[PDB]
4 protein chains.
Amino acid sequence: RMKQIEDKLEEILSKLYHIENXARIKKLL
Amino acid sequence: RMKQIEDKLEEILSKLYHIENXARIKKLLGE
Amino acid sequence: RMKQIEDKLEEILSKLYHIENXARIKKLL
Amino acid sequence: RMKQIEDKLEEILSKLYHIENXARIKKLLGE
């Protein structure tokens with residue numbers, strides 16, 4: 001359960017990094 | 001407290017999902 | 001340290017909610 | 001593992017800070 005947490009925190013950071021570099025913006029452009 | 005945290009991680013992942021797929025840009029574009 | 005973690009996770013969610021409802025977008029508009 | 005997690009929380013807060021204050025919109029607007 002501790003690892004699942006670690007890993008979901010990395011996932012959150014990965015999802016952020018992707019947000020930063022957006023479906024609706026990519027489409028608009 | 002561990003399960004509380006695990007729930008918050010899931011709310012955080014759902015929220016990023018909603019962001020991925022924005023209030024002001026949806027408003028801008030009529031969506 | 002466990003509470004600091006709880007609280008920083010709420011903070012992250014609060015920062016997300018605000019992002020969702022952006023400095024540069026608010027300015028552009 | 002606890003400190004690893006605490007570090008990730010901080011990288012996550014810094015990242016949200018950078019987001020708050022976007023690659024494609026910065027590009028759009030010349031910034």
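Computed over heavy atoms, backbone and side chain alike; hydrogens, waters and symmetry mates excluded. Here is the naming used below: chain letters follow the sequence lines, and residue numbers restart at 1 for every chain.
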Can you tell me how far apart [atom1] ([X]) and [atom2] ([Y]) are? Round to the nearest 0.5 Å.
{"X": "D:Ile12", "Y": "C:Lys15", "atom1": "CD1", "atom2": "NZ", "value": "12.5 Å"}
{"X": "D:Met2", "Y": "C:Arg1", "atom1": "CE", "atom2": "CZ", "value": "6.5 Å"}
{"X": "D:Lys8", "Y": "C:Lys8", "atom1": "NZ", "atom2": "NZ", "value": "14.5 Å"}

Item to check | Atom of C:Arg24, atom of D:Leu29 and distance for their closest heavy-atom approach | outcome: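 Closest heavy-atom pair between C:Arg24 and D:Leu29: NH2-CD1, 3.1 Å.
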Item to check | Under 4.5 Å from any heavy atom of chain C - which part of D:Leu16 | outcome: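 For D:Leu16, heavy atoms of backbone and side chain both lie under 4.5 Å from chain C.
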